[PDB]
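Read through the structure below, which is laid out as structure tokens, and then see the notes.
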Amino acid sequence: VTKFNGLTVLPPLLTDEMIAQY
Amino acid sequence: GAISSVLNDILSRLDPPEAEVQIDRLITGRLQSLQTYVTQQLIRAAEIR
Amino acid sequence: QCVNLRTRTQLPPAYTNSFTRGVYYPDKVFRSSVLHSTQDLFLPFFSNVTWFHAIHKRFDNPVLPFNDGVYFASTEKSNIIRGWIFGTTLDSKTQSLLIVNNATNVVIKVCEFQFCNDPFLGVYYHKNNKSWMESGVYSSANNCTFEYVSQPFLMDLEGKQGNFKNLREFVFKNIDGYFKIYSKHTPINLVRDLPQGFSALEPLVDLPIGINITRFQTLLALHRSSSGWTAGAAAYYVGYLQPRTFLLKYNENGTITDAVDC
Amino acid sequence: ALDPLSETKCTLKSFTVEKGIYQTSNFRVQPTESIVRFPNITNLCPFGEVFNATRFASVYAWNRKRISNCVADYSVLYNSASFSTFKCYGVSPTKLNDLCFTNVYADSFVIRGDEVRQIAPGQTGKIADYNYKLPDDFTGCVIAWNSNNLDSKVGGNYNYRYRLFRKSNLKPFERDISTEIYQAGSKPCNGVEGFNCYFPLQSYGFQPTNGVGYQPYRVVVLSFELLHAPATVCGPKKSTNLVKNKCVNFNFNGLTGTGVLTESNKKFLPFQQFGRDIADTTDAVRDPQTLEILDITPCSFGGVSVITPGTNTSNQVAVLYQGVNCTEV
Amino acid sequence: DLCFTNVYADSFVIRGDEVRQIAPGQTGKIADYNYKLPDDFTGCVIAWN
């Protein structure tokens with residue numbers, strides 16, 4: 001699988017390392 | 001429907017009797033773009049639910 | 001001046017197929033690796049462009065219009081084109097434009113030029129000190145305020161062997177009075193009367209004259225060892241523009257790479 | 001307006017705050033200095049041959065004058081009310097000194113007192129149907145002053161002419177100086193004086209004893225575009241040195257923004273003044289004086305959230321800044 | 001039928017060329033030096049030769 005006029009992207013709570021441990 | 005697309009273009013050229021007319025056509029045109037984006041993101045959240 | 005040259009003959013309107021050349025920069029804004037569309041006065045793709053020539057018993061110098069724009073393309077070897085003539089009614093009634101290069105500077109003279117029946121620039125004095133000097137085009141010009149001179153350069157007019165490596169492309173258009181001129185020089189490998197490749201034109205000069213122009217003309221470099229001269233070896237083309245939109249594919253360097261007709 | 005604990009209470013509208021996170025406001029980074037820049041020009045525009053001329057041109061046989069590459073003192077003729085008619089609709093007349101334009105197009109002529117009001121964009125009249133009318137994109141306004149004491153002669157100033165009749169309608173920015181006769185009736189006059197064929201050229205009967213509707217007015221229309229191209233002529237502004245590594249408000253011949261100014265490291269063309277991205281925002285700015293190209297990157301970003309426990313337990317709170325590196329803060 | 005708190009009566013004198021220059025938000029010769037009206041002008045004008 002594959003802008004600064006008030007737009008923002010929030011990071012998720014569960015990262016990619018904690019999903020693979022579940 | 002305004003004279004320009006830049007808020008600094010209308011403010012630095014026109015008079016404040018006229019500047020309240022062209023800005024009103026820009027706030028109304030840009031508020032409908034946000035109401036379409038929020039409503040479309042709210043229906044897409046129901047598919048991912 | 002009043003007597004037409006010996007080489008006047010009627011020629012049939014033969015045409016060829018211009019494939020993809022004729023794309024230019026429509027705005028002054030820099031882009032990088034984007035795909036942007038622009039509605040501008042462009043040349044259509046895969047259209048019929050008129051083929052003209054010039055030899056020592058044929059010469060094509062007609063009176064052609066200016067309403068749909070001129071796409072001027074010429075490939076030469078010894079710089080036989082000595083400029084252009086732009087005008088509306090071709091006398092001293094209104095403003096007429098004149099382009100003549102003296103191999104150091106191109107001058108832009110917009111005055112009330114009184115033209116003859118057929119203008120010519122003949123090159124003589126074959127013994128020594130040629131210098132391609134200025135010489136039966138007009139007789140009188142006055143009551144004008146438009147004078148302009150360009151930057152100095154040094155352009156060659158000698159006889160070179162091999163393939164036709166001096167290909168010149170020109171676009172003349174005046175929107176809102178601003179007469180803009182595009183130019184691009186690229187060496188090509190000519191096979192039979194047509195170029196191939198992809199190269200965009202760059203702007204040269206933009207002057208706000210503001211004169212209604214309906215016709216145009218060019219000047220040739222003649223030779224002689226009114227009717228006593230004889231024209232040289234040259235070839236040129238002339239087309240028309242149409243207001244159609246196009247696509248402009250940019251690269252990482254910041255120039256036009258490809259274009260798709262809409 | 002004192003602490004972030006009570007600042008959450010003006011958003012949630014409550015005196016007891018449940019634990020969690022709450023978005024309150026955003027950042028606002030102040031700029032320090034203003035950057036202005038204009039190319040070096042010292043010439044004065046030919047205003048003496050426009051307003052202070054003895055004789056003028058005619059409205060029938062007008063000639064548009066071009067003026068460029070100078071500086072315009074618009075604080076002597078626009079401040080002083082030494083003119084009879086001066087109204088302005090599209091340009092604010094108080095601040096022509098800092099906005100810059102490419103070229104001004106002036107037409108010096110005279111008309112009567114009943115003809116200075118009927119010249120307007122989109123409004124018809126005796127000038128707007130046969131002599132001259134303005135298009136819809138006209139940006140500018142007019143200077144008009146009464147001149148009955150000097151232009152009017154005792155026997156009639158017959159140096160000036162104007163048109164009465166025209167067989168067709170005007171299109172904008174065109175000159176018609178043809179002497180073709182008008183055919184109003186069915187008989188072909190073919191340029192000969194007769195019935196229903198009148199001579200459209202008429203001289204002015206300028207006399208100082210006439211009415212105010214026929215009094216002569218020294219008028220001039222001025223046409224110029226506002227921020228459509230790289231500009232050449234504007235008023236007496238002052239220069240300011242270039243400051244880097246700080247986000248400020250820059251004014252590069254009208255291109256106004258707010259952001260840091262770093263050096264550019266990409267390919268550019270000698271006939272390119274600015275660069276834009278896919279989002280149609282300015283990314284690079286050409287310097288009018290030096291041969292340098294800068295980069296545009298904005299500041300004043302990020303959101304502010306307040307992490308707090310319940311107010312029933314304690315009152316120690318914290319604050320989290322969203323998505324901003326706090327080395328600058 | 002509609003009444004207000006305080007009527008501010010301000011009397012002065014001008015010429016006949018200055019009667020159009022007194023307007024809310026309009027720049028004029030009488031406005032920049034002597035008497036201008038703001039955007040909150042609520043009233044009107046009585047004049048006589």
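FYI, nothing fancy with the structure tokens labels: chains A, B, ... in order, residues from 1 per chain, ligands from 1 as they appear.
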
For range 28-32 of chain B: contacts at 10 Å, only C-alpha atoms, fewer than 5 positions along chain excluded, given as a PDB file with N, CA and C atoms, in the first residue's frame:
```pdb
ATOM      1  N   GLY B   1     -18.003  34.769  -7.032  1.00  0.00           N
ATOM      2  CA  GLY B   1     -18.677  36.000  -7.379  1.00  0.00           C
ATOM      3  C   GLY B   1     -18.010  37.268  -6.897  1.00  0.00           C
ATOM      4  N   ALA B   2     -16.832  37.176  -6.289  1.00  0.00           N
ATOM      5  CA  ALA B   2     -16.131  38.349  -5.793  1.00  0.00           C
ATOM      6  C   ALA B   2     -15.212  38.895  -6.885  1.00  0.00           C
ATOM      7  N   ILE B  23     -15.943  40.461   0.815  1.00  0.00           N
ATOM      8  CA  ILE B  23     -15.554  39.447   1.792  1.00  0.00           C
ATOM      9  C   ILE B  23     -16.746  38.554   2.135  1.00  0.00           C
ATOM     10  N   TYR B  37     -17.425  18.808   3.180  1.00  0.00           N
ATOM     11  CA  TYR B  37     -16.336  17.904   3.537  1.00  0.00           C
ATOM     12  C   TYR B  37     -16.607  17.197   4.861  1.00  0.00           C
TER      13      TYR B  37
END
```

Please provide as a tab-separated table (two decimals) with N, CA, C and O atoms, in the first residue's frame all residues within 10 Å of residue 19 in chain E, with the sequence filter that same-chain residues fewer than 4 positions apart are discarded (counting only C-alpha atoms).
```tsv
chain	number	residue	atom	x	y	z
E	14	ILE	N	-21.60	75.17	5.24
E	14	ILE	CA	-20.79	74.75	4.10
E	14	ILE	C	-21.30	75.48	2.86
E	14	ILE	O	-22.25	76.27	2.92
E	15	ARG	N	-20.66	75.21	1.73
E	15	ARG	CA	-21.08	75.77	0.46
E	15	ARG	C	-22.05	74.82	-0.23
E	15	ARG	O	-22.53	73.84	0.35
E	23	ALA	N	-21.38	62.22	3.86
E	23	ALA	CA	-21.94	60.89	3.65
E	23	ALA	C	-21.19	59.92	4.55
E	23	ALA	O	-19.99	60.11	4.78
E	30	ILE	N	-14.44	67.84	2.99
E	30	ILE	CA	-14.93	68.18	4.32
E	30	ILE	C	-14.66	67.05	5.31
E	30	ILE	O	-14.60	67.28	6.52
E	45	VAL	N	-29.94	64.72	7.54
E	45	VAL	CA	-29.39	66.07	7.42
E	45	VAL	C	-30.50	67.03	7.02
E	45	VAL	O	-31.33	66.71	6.16
E	47	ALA	N	-30.82	71.00	5.65
E	47	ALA	CA	-30.10	72.15	5.11
E	47	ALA	C	-31.05	73.09	4.39
E	47	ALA	O	-32.11	72.67	3.90
```

- Item | For range 216-230 of chain D: contacts at 7 Å, only C-alpha atoms, fewer than 3 positions along chain excluded, given as a VMD selection string | chain D and resid 101 to 113 138 to 148 151 254

Could you turn the residues from that selection into a file that holds N, CA and C atoms, as a short mmCIF file (atom, residue, chain, number, x, y, z; two decimals), in the first residue's frame?
```cif
data_model
loop_
_atom_site.label_atom_id
_atom_site.label_comp_id
_atom_site.auth_asym_id
_atom_site.auth_seq_id
_atom_site.Cartn_x
_atom_site.Cartn_y
_atom_site.Cartn_z
N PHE D 101 1.82 49.44 -9.86
CA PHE D 101 1.18 49.05 -11.11
C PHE D 101 2.19 49.16 -12.24
N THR D 102 1.85 48.55 -13.38
CA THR D 102 2.78 48.46 -14.49
C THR D 102 2.82 49.75 -15.30
N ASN D 103 1.68 50.14 -15.87
CA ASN D 103 1.62 51.31 -16.73
C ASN D 103 0.27 52.00 -16.58
N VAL D 104 0.28 53.32 -16.76
CA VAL D 104 -0.92 54.14 -16.68
C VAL D 104 -1.21 54.68 -18.08
N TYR D 105 -2.50 54.69 -18.43
CA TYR D 105 -2.95 55.11 -19.75
C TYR D 105 -3.81 56.36 -19.59
N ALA D 106 -3.33 57.48 -20.11
CA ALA D 106 -3.97 58.78 -19.90
C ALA D 106 -4.42 59.37 -21.22
N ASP D 107 -5.58 60.03 -21.19
CA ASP D 107 -6.17 60.67 -22.36
C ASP D 107 -6.54 62.10 -21.97
N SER D 108 -5.79 63.07 -22.47
CA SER D 108 -5.99 64.48 -22.15
C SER D 108 -6.87 65.11 -23.22
N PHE D 109 -8.07 65.53 -22.83
CA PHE D 109 -9.01 66.18 -23.74
C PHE D 109 -9.98 67.01 -22.91
N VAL D 110 -10.92 67.66 -23.59
CA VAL D 110 -11.90 68.52 -22.94
C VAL D 110 -13.29 68.20 -23.47
N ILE D 111 -14.29 68.27 -22.59
CA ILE D 111 -15.69 68.13 -22.94
C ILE D 111 -16.49 69.18 -22.17
N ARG D 112 -17.77 69.29 -22.50
CA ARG D 112 -18.63 70.28 -21.88
C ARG D 112 -19.08 69.81 -20.49
N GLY D 113 -19.88 70.65 -19.83
CA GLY D 113 -20.32 70.34 -18.48
C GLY D 113 -21.42 69.30 -18.40
N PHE D 138 -12.50 48.19 -15.85
CA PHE D 138 -11.79 49.44 -15.65
C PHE D 138 -11.47 49.62 -14.17
N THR D 139 -10.18 49.77 -13.86
CA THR D 139 -9.71 49.99 -12.49
C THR D 139 -9.04 51.36 -12.46
N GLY D 140 -9.76 52.35 -11.96
CA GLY D 140 -9.27 53.71 -11.91
C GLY D 140 -10.43 54.68 -11.91
N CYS D 141 -10.09 55.96 -11.90
CA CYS D 141 -11.09 57.01 -11.84
C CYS D 141 -10.54 58.28 -12.48
N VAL D 142 -11.35 59.34 -12.46
CA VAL D 142 -11.21 60.46 -13.38
C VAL D 142 -10.87 61.73 -12.60
N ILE D 143 -10.19 62.65 -13.29
CA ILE D 143 -9.85 63.98 -12.77
C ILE D 143 -10.50 65.00 -13.69
N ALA D 144 -11.36 65.86 -13.14
CA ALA D 144 -12.09 66.84 -13.93
C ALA D 144 -12.15 68.17 -13.19
N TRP D 145 -11.86 69.26 -13.90
CA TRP D 145 -11.90 70.60 -13.33
C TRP D 145 -12.47 71.57 -14.35
N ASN D 146 -13.24 72.54 -13.87
CA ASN D 146 -13.86 73.52 -14.74
C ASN D 146 -12.83 74.51 -15.27
N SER D 147 -12.94 74.84 -16.56
CA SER D 147 -11.99 75.73 -17.22
C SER D 147 -12.72 76.70 -18.14
N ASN D 148 -13.80 77.31 -17.65
CA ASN D 148 -14.55 78.26 -18.46
C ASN D 148 -13.84 79.60 -18.62
N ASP D 151 -10.32 78.33 -21.28
CA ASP D 151 -10.50 77.61 -22.54
C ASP D 151 -11.53 78.28 -23.44
N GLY D 254 3.89 43.71 -4.03
CA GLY D 254 2.51 43.30 -3.91
C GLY D 254 2.33 41.88 -3.40
#
```

- Message: I'd like the neighbourhood of residue 24 in chain C as a ChimeraX atom specification, where a residue qualifies if any of its atoms comes within 8 Å (using only C-alpha atoms), though same-chain residues fewer than 5 positions away should be ignored.
- Response: /C:182,200-202

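Near chain D, the residues of chain A that fall inside 12 Å (using only C-alpha atoms) are residues 3, 4, 5, 6, 7, 8, 9, 10 and 11 of chain A.
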
Find the residues near residue 5 in chain B: any atom within 10 Å, counting only C-alpha atoms, skip ones fewer than 5 places away on the same chain, and give them as a PDB file with C-alpha atoms, in the first residue's frame.
```
ATOM      1  CA  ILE B  10      -9.420  43.078  -1.763  1.00  0.00           C
ATOM      2  CA  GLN B  22     -16.678  41.238  -1.389  1.00  0.00           C
ATOM      3  CA  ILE B  23     -15.554  39.447   1.792  1.00  0.00           C
ATOM      4  CA  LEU B  26     -15.950  34.735   0.112  1.00  0.00           C
TER       5      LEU B  26
END
```

Tell me the residues of chain E close to chain D, meaning within 12 Å using only C-alpha atoms, as an mmCIF file with C-alpha atoms, in the first residue's frame.
```cif
data_model
loop_
_atom_site.group_PDB
_atom_site.id
_atom_site.type_symbol
_atom_site.label_atom_id
_atom_site.label_comp_id
_atom_site.auth_asym_id
_atom_site.auth_seq_id
_atom_site.Cartn_x
_atom_site.Cartn_y
_atom_site.Cartn_z
ATOM 1 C CA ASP E 17 -20.395 72.079 -3.631
ATOM 2 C CA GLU E 18 -20.002 70.305 -0.269
ATOM 3 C CA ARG E 20 -22.757 65.693 -1.553
ATOM 4 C CA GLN E 21 -19.497 65.237 0.381
ATOM 5 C CA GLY E 25 -17.931 56.269 4.834
ATOM 6 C CA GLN E 26 -17.330 58.536 1.822
ATOM 7 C CA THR E 27 -13.985 60.321 1.511
ATOM 8 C CA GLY E 28 -14.247 64.033 0.790
ATOM 9 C CA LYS E 29 -12.706 67.447 1.322
ATOM 10 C CA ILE E 30 -14.935 68.183 4.325
ATOM 11 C CA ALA E 31 -14.292 64.667 5.675
ATOM 12 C CA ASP E 32 -10.489 64.551 5.878
ATOM 13 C CA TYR E 33 -10.058 67.795 7.808
#
```

- Task: Excluding residue 174 in chain D and any residue of its chain fewer than 3 positions from it, enumerate the residues within 9 Å of it, using only C-alpha atoms, and give them as number ranges by chain.
- Result: D: 132, 170-171

- DSSP strand (DSSP E) residues within range 31-245 of chain C, as JSON, numbers by chain: {"C": [35, 36, 37, 38, 39, 40, 41, 42, 47, 48, 49, 50, 51, 52, 53, 54, 64, 65, 70, 71, 72, 73, 74, 75, 76, 81, 82, 83, 84, 85, 86, 87, 96, 97, 98, 99, 100, 101, 106, 107, 108, 109, 110, 111, 121, 122, 123, 146, 147, 148, 149, 166, 167, 168, 169, 170, 171, 172, 173, 174, 175, 178, 179, 180, 181, 182, 183, 184, 185, 186, 202, 203, 204, 205, 206, 207, 208, 215, 216, 217, 218, 219, 220, 221, 222, 223, 230, 231, 234, 235, 236, 237, 238, 239, 242, 243, 244, 245]}

Keeping only C-alpha atoms, write those residues as a tab-separated table (two decimals), in the first residue's frame.
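The file below, again-v6.tsv, is the result:
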```tsv
chain	number	residue	atom	x	y	z
C	35	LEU	CA	0.20	17.92	-14.18
C	36	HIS	CA	-1.62	21.19	-14.86
C	37	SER	CA	-4.23	22.06	-17.49
C	38	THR	CA	-4.42	25.49	-19.09
C	39	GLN	CA	-7.01	27.02	-21.42
C	40	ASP	CA	-4.90	29.18	-23.73
C	41	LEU	CA	-4.57	30.15	-27.39
C	42	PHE	CA	-2.58	27.14	-28.63
C	47	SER	CA	-3.24	19.68	-38.13
C	48	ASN	CA	-2.43	20.86	-41.65
C	49	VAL	CA	0.20	23.61	-41.79
C	50	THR	CA	1.02	25.41	-45.03
C	51	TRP	CA	4.39	24.66	-46.63
C	52	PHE	CA	6.12	27.49	-48.49
C	53	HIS	CA	9.55	27.69	-50.12
C	54	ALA	CA	11.93	30.13	-51.79
C	64	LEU	CA	-2.04	36.50	-45.34
C	65	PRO	CA	-4.39	37.39	-42.44
C	70	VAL	CA	0.54	32.96	-36.95
C	71	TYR	CA	2.71	29.98	-36.02
C	72	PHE	CA	5.97	30.75	-37.82
C	73	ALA	CA	8.47	27.92	-38.34
C	74	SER	CA	11.54	27.99	-40.59
C	75	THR	CA	14.65	25.88	-41.07
C	76	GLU	CA	17.54	27.57	-42.87
C	81	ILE	CA	14.98	35.63	-43.22
C	82	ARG	CA	15.81	39.28	-42.51
C	83	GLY	CA	12.80	39.96	-40.26
C	84	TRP	CA	9.07	40.51	-40.68
C	85	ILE	CA	6.51	43.18	-41.60
C	86	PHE	CA	3.29	43.59	-39.60
C	87	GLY	CA	0.55	45.99	-40.64
C	96	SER	CA	2.65	49.64	-39.23
C	97	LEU	CA	5.27	47.42	-37.59
C	98	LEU	CA	8.71	46.64	-39.05
C	99	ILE	CA	11.30	44.07	-37.94
C	100	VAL	CA	14.79	44.12	-39.50
C	101	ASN	CA	17.92	42.55	-38.01
C	106	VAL	CA	16.72	43.53	-33.79
C	107	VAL	CA	14.87	46.85	-33.97
C	108	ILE	CA	11.13	47.38	-33.50
C	109	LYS	CA	9.92	50.36	-35.56
C	110	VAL	CA	6.18	51.05	-35.38
C	111	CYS	CA	5.70	54.09	-37.62
C	121	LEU	CA	16.32	43.33	-49.01
C	122	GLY	CA	19.02	42.45	-51.53
C	123	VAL	CA	22.60	41.63	-50.56
C	146	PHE	CA	7.46	54.12	-31.04
C	147	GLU	CA	11.20	53.35	-31.06
C	148	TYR	CA	12.83	50.28	-29.52
C	149	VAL	CA	16.19	48.51	-29.67
C	166	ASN	CA	19.23	25.90	-37.79
C	167	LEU	CA	15.51	25.41	-37.08
C	168	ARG	CA	13.65	28.50	-35.86
C	169	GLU	CA	10.17	28.60	-34.33
C	170	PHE	CA	8.15	31.78	-33.74
C	171	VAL	CA	4.73	32.61	-32.27
C	172	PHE	CA	3.31	36.13	-32.65
C	173	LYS	CA	0.19	37.10	-30.69
C	174	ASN	CA	-1.07	40.36	-29.15
C	175	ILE	CA	-3.66	39.85	-26.41
C	178	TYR	CA	0.75	43.10	-25.51
C	179	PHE	CA	2.58	41.79	-28.58
C	180	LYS	CA	4.44	38.74	-27.25
C	181	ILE	CA	7.11	36.84	-29.20
C	182	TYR	CA	8.20	33.25	-28.55
C	183	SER	CA	11.40	31.71	-29.89
C	184	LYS	CA	13.22	28.38	-29.74
C	185	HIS	CA	16.33	27.19	-31.59
C	186	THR	CA	17.17	23.48	-31.70
C	202	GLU	CA	10.44	30.45	-24.48
C	203	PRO	CA	9.28	34.09	-24.40
C	204	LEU	CA	11.59	36.77	-25.76
C	205	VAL	CA	10.08	40.27	-25.41
C	206	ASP	CA	6.72	41.76	-24.39
C	207	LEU	CA	5.91	45.33	-25.46
C	208	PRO	CA	2.49	47.05	-24.99
C	215	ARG	CA	-2.03	41.24	-42.13
C	216	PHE	CA	1.63	40.26	-41.93
C	217	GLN	CA	4.67	39.83	-44.17
C	218	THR	CA	8.35	38.83	-44.05
C	219	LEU	CA	11.63	39.87	-45.67
C	220	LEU	CA	14.09	37.70	-47.59
C	221	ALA	CA	17.81	38.10	-48.25
C	222	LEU	CA	18.35	38.40	-52.01
C	223	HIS	CA	21.53	38.27	-54.08
C	230	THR	CA	17.01	37.26	-57.46
C	231	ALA	CA	15.89	35.56	-54.26
C	234	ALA	CA	14.77	29.48	-48.08
C	235	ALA	CA	11.75	27.63	-46.70
C	236	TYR	CA	9.11	28.63	-44.16
C	237	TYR	CA	5.72	27.59	-42.81
C	238	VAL	CA	2.61	29.41	-41.60
C	239	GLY	CA	-0.31	28.16	-39.51
C	242	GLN	CA	-7.28	27.90	-31.97
C	243	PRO	CA	-8.37	28.53	-28.36
C	244	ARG	CA	-8.26	24.95	-27.07
C	245	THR	CA	-7.16	23.66	-23.68
```

- Nearest-residue call for residue 16 in chain B, choices E:10, E:22, E:2, E:38, using only C-alpha atoms: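 Looking only at the distances to residue 16 in chain B, the closest residue turns out to be E:38.
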
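Backbone DSSP over range 2-35 of chain B yields helix (DSSP H, G or I) at residues 7, 8, 9, 10, 11, 16, 17, 18, 19, 20, 21, 22, 23, 24, 25, 26, 27, 28, 29, 30, 31, 32, 33, 34 and 35 of chain B.
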
- Message: With only C-alpha atoms as the counted atoms, please give the residues lying no more than 12 Å from residue 1 in chain D, apart from itself and same-chain residues fewer than 6 positions off, as a PyMOL selection string.
- Response: chain D and resi 7-11

Those residues you just picked out, can you put them in a file as an mmCIF file, in the first residue's frame with N, CA, C and O atoms?
```cif
data_model
loop_
_atom_site.group_PDB
_atom_site.id
_atom_site.type_symbol
_atom_site.label_atom_id
_atom_site.label_comp_id
_atom_site.auth_asym_id
_atom_site.auth_seq_id
_atom_site.Cartn_x
_atom_site.Cartn_y
_atom_site.Cartn_z
ATOM 1 N N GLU D 7 -8.971 28.434 31.893
ATOM 2 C CA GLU D 7 -9.224 28.666 30.476
ATOM 3 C C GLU D 7 -10.016 27.530 29.840
ATOM 4 O O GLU D 7 -10.675 27.746 28.818
ATOM 5 N N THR D 8 -9.965 26.331 30.422
ATOM 6 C CA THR D 8 -10.826 25.247 29.965
ATOM 7 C C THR D 8 -12.270 25.470 30.403
ATOM 8 O O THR D 8 -13.201 25.015 29.728
ATOM 9 N N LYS D 9 -12.473 26.192 31.510
ATOM 10 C CA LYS D 9 -13.822 26.423 32.018
ATOM 11 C C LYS D 9 -14.602 27.402 31.148
ATOM 12 O O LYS D 9 -15.837 27.345 31.115
ATOM 13 N N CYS D 10 -13.916 28.299 30.439
ATOM 14 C CA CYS D 10 -14.594 29.177 29.493
ATOM 15 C C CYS D 10 -14.951 28.478 28.188
ATOM 16 O O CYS D 10 -15.697 29.049 27.384
ATOM 17 N N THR D 11 -14.443 27.268 27.957
ATOM 18 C CA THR D 11 -14.806 26.486 26.781
ATOM 19 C C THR D 11 -15.847 25.420 27.102
ATOM 20 O O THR D 11 -16.815 25.253 26.351
#
```

- Message: My list of candidates is E:13, E:49, E:39, E:6. Which is closest to chain B when distances are computed with only C-alpha atoms?
- Response: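 Of E:13, E:49, E:39, E:6, the one nearest chain B, counting only C-alpha atoms, is E:39.
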
- Message: To one decimal place in Å, what is the distance between CA of residue 163 in chain D and CA of residue 59 in chain D?
- Response: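 Interatomic distance, CA of residue 163 in chain D to CA of residue 59 in chain D: 8.1 Å.
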
Closest pair table for chain D residues within 8 Å of chain B, only C-alpha atoms, as a Markdown table:
```
| residue | atom | partner | partner_atom | distance |
| --- | --- | --- | --- | --- |
| D:90 | CA | B:14 | CA | 6.6 |
| D:91 | CA | B:14 | CA | 5.7 |
| D:92 | CA | B:14 | CA | 5.2 |
| D:99 | CA | B:12 | CA | 7.8 |
| D:256 | CA | B:8 | CA | 7.4 |
```

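Note that CA of residue 300 in chain D and CA of residue 29 in chain D are 4.9 Å apart.
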
- How far is it from CA of residue 22 in chain C to CA of residue 58 in chain C, in Å with one decimal?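 Rounded to one decimal, the two atoms are 27.6 Å apart.
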
- Item | Neighbours of chain C in chain D at 9 Å, counting only C-alpha atoms, as a PyMOL selection string | chain D and resi 266-269+271-278+284

Could those residues be written to a file, using N, CA and C atoms, as a tab-separated table (two decimals), in the first residue's frame?
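The new file part_35.tsv reads:
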```tsv
chain	number	residue	atom	x	y	z
D	266	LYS	N	16.76	24.79	-6.16
D	266	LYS	CA	16.20	24.13	-7.33
D	266	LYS	C	16.51	24.94	-8.58
D	267	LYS	N	16.18	24.35	-9.73
D	267	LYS	CA	16.38	25.00	-11.02
D	267	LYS	C	15.32	26.07	-11.22
D	268	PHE	N	15.72	27.17	-11.86
D	268	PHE	CA	14.81	28.27	-12.15
D	268	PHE	C	15.16	28.86	-13.51
D	269	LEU	N	14.26	29.69	-14.02
D	269	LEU	CA	14.35	30.35	-15.31
D	269	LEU	C	14.57	31.85	-15.12
D	271	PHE	N	13.14	34.12	-16.72
D	271	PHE	CA	11.86	34.78	-16.95
D	271	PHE	C	10.77	34.16	-16.08
D	272	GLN	N	11.08	33.91	-14.81
D	272	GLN	CA	10.13	33.38	-13.84
D	272	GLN	C	10.24	34.20	-12.57
D	273	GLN	N	9.11	34.73	-12.10
D	273	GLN	CA	9.10	35.61	-10.95
D	273	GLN	C	8.67	34.93	-9.66
D	274	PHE	N	7.91	33.83	-9.74
D	274	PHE	CA	7.47	33.14	-8.54
D	274	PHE	C	7.16	31.69	-8.89
D	275	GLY	N	7.14	30.85	-7.86
D	275	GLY	CA	6.81	29.45	-8.02
D	275	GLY	C	5.66	29.06	-7.14
D	276	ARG	N	4.85	28.13	-7.64
D	276	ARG	CA	3.66	27.68	-6.94
D	276	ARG	C	3.61	26.16	-6.90
D	277	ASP	N	2.86	25.64	-5.94
D	277	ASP	CA	2.67	24.22	-5.73
D	277	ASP	C	1.32	23.78	-6.29
D	278	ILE	N	0.93	22.54	-5.98
D	278	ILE	CA	-0.36	22.02	-6.41
D	278	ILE	C	-1.50	22.73	-5.70
D	284	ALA	N	8.13	30.48	-3.91
D	284	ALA	CA	9.39	31.18	-4.11
D	284	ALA	C	9.11	32.61	-4.52
```
